[PDB]
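First, one chain by itself: the form deposited in one PDB entry, in structure tokens.
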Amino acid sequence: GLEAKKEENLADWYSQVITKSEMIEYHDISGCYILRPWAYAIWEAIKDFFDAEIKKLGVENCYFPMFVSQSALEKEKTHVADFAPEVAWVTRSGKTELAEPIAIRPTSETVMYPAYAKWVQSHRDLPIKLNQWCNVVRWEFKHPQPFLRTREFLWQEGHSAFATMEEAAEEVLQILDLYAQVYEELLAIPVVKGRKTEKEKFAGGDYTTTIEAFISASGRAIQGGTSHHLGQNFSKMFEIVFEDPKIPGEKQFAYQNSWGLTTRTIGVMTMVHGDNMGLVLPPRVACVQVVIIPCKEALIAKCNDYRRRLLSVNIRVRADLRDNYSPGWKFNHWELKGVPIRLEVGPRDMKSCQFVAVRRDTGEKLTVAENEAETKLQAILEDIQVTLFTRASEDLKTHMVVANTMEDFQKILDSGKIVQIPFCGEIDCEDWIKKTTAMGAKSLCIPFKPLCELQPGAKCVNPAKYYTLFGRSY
């Protein structure tokens, strides 16, 4: 039983939700968390979707080394100068000092791009589109939290190289849309697509696109996935060049993108859809969509007749026929785990050709005829998915509003909301917003489709260049 309340102390509600759902176990190294099968299976569903989609775009899977040499990492600013403290360094094997220390990838640009330079000697050799599923380490400064901000995490990073800007620019938005599908269609989480401001964008790229999600219970936004156009910053840095097709002896630098998505997805799913009864799984990612619990031989045969029939309609179902646990225990158990539907069968319903289905999201008990099983259970699963998305949508609309001068901006921000405001775009101004609201508010993204069109000649909260989504964030 979960005894914390998401409204009371978010930090202790989250800790008990991830542990009692058997998603997370704690490790003795700060910011490192064990992914138990319940959590890992969600990542695997995400991985199945994204991998298939990027494969349609021509991207191929690979695996590059985890260790990055001091020269390659230092080669040029993959990072900016402040990222250096988050890099973990190996300096010895056993008791023997390494001649030069080696770093654990915090990202793989500096591992991959020297090889890209070797593979590209003509425009024939482009595009290169590689993706890897792997683990990366960042010795994070902020307070660690499972799946939101971890010291080690799992991700996919995609790195693609092109002959022209226009090819690259198209992929950036293709990948971002796929990140948006993961959140919206898989995890039933609504997101805002946008571009990072000068201050918040990756210093190694030209522009950074992003999807931002909102976590009501904290009043904070969070970056869900990232898709950069690196332009020619890295190809100039690593000499990824090909020969001009028309002009003797003349070199062109490749255009590059890089994009990544992490297990942070699962934490956002938890923070958005979790309730005071525990985890709530969107059916699309639930490895168990229906759990069957009997409330011997006659009644179980009915339970297994339901479970074979549900498998026959491609529904992921588990029959919890264990005799060593009381039904009440099972109810609590699978509710904490967030199974979308509990299918209860008692002696009463069996004789009636009946059963009761309990949806995890709303709690309604539904009495359905036995014949009705595959058709009605799948209809409930799709309404749970739609219901979870609709509830989080209307929650996002409620907490994302518009203000046009600083005093109005703060009042909404202090009410636990994020707001789109007319913005200079300049770093000095964004710093000032950061400390005036302080607890300080950051820019989240410049939305592709802002709530309002910017008023003719409107000024920042210099003239305004764009409505920018601001808020307190992770």
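Residues that one form lacks are left out of the comparison. If you superpose the two forms and keep the largest set of C-alpha atoms that fall within 1.5 Å, you have the rigid core. So that there is no doubt, residue numbering starts at 1 and follows the sequence shown.
From this point on, the text means the form deposited in another entry, which you will not see here.
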| query | finding |
| --- | --- |
| Core-superposed comparison between this form and the one not shown - Cα displaced by 2 angstroms or more, from 129, 236, 391, 77 | 77 |
| Core-aligned C-alpha movement of residue 245 between this form and the one not shown reaching 2 Å | yes |
| Cα separation of residue 111 and residue 80 in the other entry versus here, shift of 3 Å or more | closer |
| Shift in CA distance, residue 80 and residue 115, in the other entry relative to the form shown here, given it is 3 Å or more | closer |
| Rigid-core superposition between this form and the one not shown, with residue runs of at least 3 whose C-alphas all shift by 2 Å or more | 77 to 80, 243 to 251 |
